[PDB]
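As structure tokens, the structure follows; a few thoughts come after it.
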Amino acid sequence: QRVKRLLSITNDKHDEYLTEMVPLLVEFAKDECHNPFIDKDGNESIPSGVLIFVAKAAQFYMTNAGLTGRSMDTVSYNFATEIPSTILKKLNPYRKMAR
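Per this note's numbering, the sequence shown starts with residue 28, numbered consecutively.
Pasting the structure below:
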């Protein structure tokens, strides 16, 4: 139905692999704002809108460029200059938004 194509990939196979790439982007890039993307144990935290970003950003990037990439499927990561340009504005809308 094509609906399965979203969850049959980097959800059912890799919900833990694509989603972690993005709190390297959301937590590093947001560290700028000083806002609570951190939890009470000192672990990672992500809200609802920035969550649609973590999943859709990395299911676009990992499913495309871990393979049709050419710069390796696990490396000293590109997250700082990669993960698609348009969704990168969805990194920010929760708290602070800029500084």
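Virtual Cβ for every residue (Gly too), placed ideally from N, Cα, C.
Contact check, residue i vs residue j, beta carbons under 8 Å
i: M89; j: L45; result: yes
i: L118; j: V53; result: yes
i: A85; j: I65; result: no
i: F106; j: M48; result: yes
i: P50; j: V81; result: yes
i: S72; j: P63; result: yes
Per-residue burial, residue i [other beta carbons within 10 Å of its own, 16 or more giving buried]
i: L94; result: exposed
i: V30; result: exposed
i: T101; result: exposed
i: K57; result: buried
Coil, strand or helix - residue i by DSSP
i: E47; result: helix
i: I73; result: coil
Option in the options with minimal Cα separation from residue i
i: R126; options: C60, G76, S35, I36; result: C60
i: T108; options: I36, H41, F55, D39; result: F55
i: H41; options: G96, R122, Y104, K83; result: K83
i: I36; options: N91, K67, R122; result: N91
Identified DSSP bridge partners for residue i
i: residue 136; result: The requested residue 136 is not part of the displayed model; the chain covers only 28 to 126.
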